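The residues making up each chain are set out below.
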Amino acid sequence: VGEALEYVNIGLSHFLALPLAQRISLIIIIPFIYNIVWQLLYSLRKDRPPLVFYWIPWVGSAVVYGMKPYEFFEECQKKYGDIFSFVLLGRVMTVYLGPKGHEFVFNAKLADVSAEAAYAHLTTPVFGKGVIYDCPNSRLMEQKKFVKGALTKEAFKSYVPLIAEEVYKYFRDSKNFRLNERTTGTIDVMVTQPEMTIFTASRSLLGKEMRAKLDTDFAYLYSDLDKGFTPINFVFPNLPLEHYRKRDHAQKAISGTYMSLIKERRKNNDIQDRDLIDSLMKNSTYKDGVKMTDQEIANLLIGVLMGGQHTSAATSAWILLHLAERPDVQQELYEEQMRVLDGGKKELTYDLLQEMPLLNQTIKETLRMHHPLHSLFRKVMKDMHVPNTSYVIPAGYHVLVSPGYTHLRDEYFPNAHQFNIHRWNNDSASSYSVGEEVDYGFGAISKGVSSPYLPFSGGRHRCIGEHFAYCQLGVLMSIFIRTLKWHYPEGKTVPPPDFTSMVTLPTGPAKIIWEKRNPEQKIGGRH
Ligand SMILES: CC[C@@H](C)n1ncn(-c2ccc(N3CCN(c4ccc(OC[C@H]5CO[C@](Cn6cncn6)(c6ccc(Cl)cc6Cl)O5)cc4)CC3)cc2)c1=O
Ligand code: HEM
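Residues numbered from 1 in each chain as written, not as in the entry; some residues may be left out. Chains lettered and ligands numbered in written order. Heavy atoms only, no water.

- As recorded in the entry header, the structure was determined using X-ray crystallography to a resolution of 2.240 Å.

**Description of the UniProt feature "transmembrane region" (unreviewed entry) in the chain**
Here is step 1: The feature "transmembrane region" (unreviewed entry), as annotated in UniProt, sits at residues 24-44 and 51-67 in this numbering.
Here is step 2: Structurally, residues 24-44 comprises 90% helix and 0% strand, and the distance from its first C-alpha atom to its last is 32 Å.
Here is step 3: The straight-line gap between the two end C-alpha atoms of residues 51-67 is 19 Å; of that span, 35% is helix and 0% is strand. (UniProt positions renumbered as here; feature names shortened; annotations may be inferred. Helix = DSSP H or I, 4+ residues; strand = E, 2+ residues; numbered from the N terminus.)

**Here's the deal with the packing of aromatic side chains**
Here is step 1: Tallying each qualifying case throughout the model produces 30 aromatic pairs.
Here is step 2: With a centroid separation of 5.5 Å and an interplanar angle of 85°, the aromatic rings of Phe-218 and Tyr-222 are classed as edge-to-face.
Here is step 3: Classification of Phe-218 by relative accessible area gives buried; the value is 12%.
Here is step 4: The class for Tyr-222 is buried, based on a relative accessible area of 15%.
Here is step 5: What links up through ring pairs into an aromatic cluster is the set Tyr-65, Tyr-70, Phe-72, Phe-73, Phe-86, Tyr-405 and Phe-499.
Here is step 6: When the ring centre of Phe-15 is taken as reference, the NZ or CZ atom of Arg-23 above it lies at 5.6 Å.
Here is step 7: Sitting over the ring of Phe-442, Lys-144 keeps its end group 3.9 Å from the ring centre. (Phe/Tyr/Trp six-rings, centres within 6.5 Å; stacked < 30°, edge-to-face > 60°. Buried < 20%, exposed > 50% of the residue type's maximum accessible area, 1.4 Å probe, protein only. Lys NZ or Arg CZ within 6 Å of the ring centre and 35° of its normal.)

**Thoughts on the site of ligand 2**
Here is step 1: Taken together, 25 residues lie around ligand 2, and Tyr-133, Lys-144, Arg-378, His-461 and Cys-463 are the ones closest in.
Here is step 2: Here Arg-378 contributes a side-chain N or O atom positioned 2.6 Å from an oxygen atom of ligand 2.
Here is step 3: Contact between ligand 2 and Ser-457: an oxygen atom at 2.9 Å from a side-chain N or O atom of the residue.
Here is step 4: When residues of the shell around ligand 2 are traced back to their parent elements, those giving at least two are α7 (137-148), α14 (294-324), β5 (376-380) and α19 (466-483).
Here is step 5: The leading source of residues in the shell around ligand 2 is α14, at 4 residues.
Here is step 6: For the shell around ligand 2, the per-class residue count stands at 14 nonpolar, 7 polar and 4 charged. (Near = heavy atom within 4 Å. Polar contact = N/O pair within 3.5 Å; in protein donor to acceptor, adjacent residues only side chain to side chain. Nonpolar A, V, L, I, M, F, W, Y, C, P; charged D, E, K, R; others polar.)

**Some words on the side chain of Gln-330**
Here is step 1: Counting through the fold element by element, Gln-330 comes out in helix α15 (residues 327-340).
Here is step 2: For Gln-330, a relative accessible area of 4% corresponds to the buried category.
Here is step 3: Separated by 2.8 Å, the side chain of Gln-330 and the backbone oxygen of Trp-486 make a polar contact.

**A word on the pairing of strand β12 (residues 511-516)**
On any regular strand, side chains alternate: one points to one face of the sheet, the next to the other face.
Here is step 1: Taken together, the 5 bridges between strand β4 (residues 184-188) and β12 define a ladder with antiparallel strand orientation. Its bridge partner being in β12, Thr-186 is matched across the sheet by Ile-513.
Here is step 2: Bridge count for strand β11 (residues 484-487) against β12 is 4 bridges, and the pairing is antiparallel. Bridging across to β12, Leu-484 finds its partner in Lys-516. (Pairing = 2+ DSSP bridges.)

**Some words on the layout of surface pockets**
Here is step 1: The calculated volume of the second largest pocket comes to roughly 620 Å³.
Here is step 2: Forming the boundary of the second largest pocket are 36 residues, of which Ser-431, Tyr-432, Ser-433, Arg-462 and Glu-466 lie nearest the centre.
Here is step 3: Mapped onto the lining of the second largest pocket, the elements with two or more residues apiece are β10 (444-446) and α19.
Here is step 4: Looking at the lining of the second largest pocket residue by residue, the classes come out as 19 nonpolar, 11 polar and 6 charged. (1 Å grid on protein atoms, 1.4 Å probe; cavity = no way out; pocket = protein on both sides within 12 Å on 5 of 7 lines; lining within 4 Å. Points joined across faces, edges and corners; volume = space filled by probe spheres on them.)

The following block contains the structure:
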């Protein structure tokens, strides 16, 4: 022990007498070996889920997870069961697959897990400060409450003809259609659907002013900001590059535009019940008296529009793509449209949308096969014991839940990779609380979150956009169906998802060929 500790000090010193060709090369090799040693040691633990073995420190299973998460989850499930962890770019993600995982994560106590600590870097740089994940959970709960106030049956009743008008205007004016001058055409659905989504959501949620603005070069800011909404933000939220400056600039310029409208309306007391802007002007005071600022209101609007943008656009693209090889479904949907709208002699209303179950089943089935968000996260805040196991998930870990994975299991949905809207006969609702309920601040929602079908999650972070989504997707598809037939270019089929984008959007270029059902029909109005 005497000469031992001396040779420790000697050894520390001889280390520095190494050529750096050796010293840098061991600066790499040492973490690599400890990593493997720590993993081998880790596997001993009884109070830890199996950890997926990986070679590269820090990076972890990022590549295979990133490129094909559901295949990754399937392989891990086979070897280890439903609970397992894996390292991902410096973090430890504990996956819990299936309905019990949904319960473990979505109904976890506010104290145990944090969504804002998982998500804030993704969103705060894009939306702005003070809202959504840049604030405490109870602020979020009430912001969801505020937004829900513009998402009522009466609002949907007034949105439908606005959304309809936008779809027709797009058919009339967009270079991708121009139905008054073309009877057939080819389109990339990842060009047309993001455009139709932003036009329809602008007009209805933001109002005529902000929609009007999309016909100016102001539209280039949306693109700039949109490009800033990327999973890279999870790792690099701010880097001194043109991309990040374009984004930052856009967030300032767009929120400034919203603030201009807001202050303009208040100045004239032109505060009605037209749109989400009016709504948040009348109704954005928290339960402790603090009022949202005009800046926070605008940042909230950006997030809502942005979130709704990507989930919905990706979804209507997938609907288009699945219907492109299924002329039978198109036909079936067309007949439902003729019946409900009396051969087209009835105008589409919100109430009539509700009497189109096949259409709604089509949305529902698309969301089963193409959950836009394949992985939902929470950062673990307090150590968590996994019920009926010896597993304890320690603070500093992340829990990862994936209803999108369960959506694609045959055990829960027979023939899960087949598109079949009739699996939802007797069950065309977007979702519905199968039993008892609970209120976190934005309204009574289902207490249990064990449904195998769960595109809108559940618990305190449950989506509040599902009825707006169905309204938007519904009006849009109703008009697509009554106006066009479409199919694939010869030899093409449904693309595989891109699991590396923000949403599980189709892999490009995803093209379909459209043709007018009534070549002679004209869309009125000015252009
Ligand atoms: C680097 C190597 C490469 C191979 N690699 N290695 C890993 N990956 C990778 C891993 C994971 C992912 N992602 C995909 C995106 N994903 C994700 C995206 C958004 C998201 O949103 C959850 C919250 C926050 O945003 C919204 C989204 N939303 C919900 N409804 C509508 N939008 C949200 C909620 C509320 C509001 Cl107001 C706005 C928004 Cl945006 O909900 C959650 C997860 C995480 C995993 C991507 C790439 C790679 O690409
Ligand atoms: C196809 C359409 C959509 C799907 C599948 C979807 C899905 C989801 C999911 C899964 C979550 C929870 C994520 C988690 O648990 O971590 C969520 C949250 C949320 N979504 Fe959506 N969404 C959709 C459309 C919309 C729309 C149109 C809006 C706004 C109009 C919207 C606004 C929100 C909001 C405000 C939250 C709450 C965030 C939180 O509480 O943390 N979503 N959505």
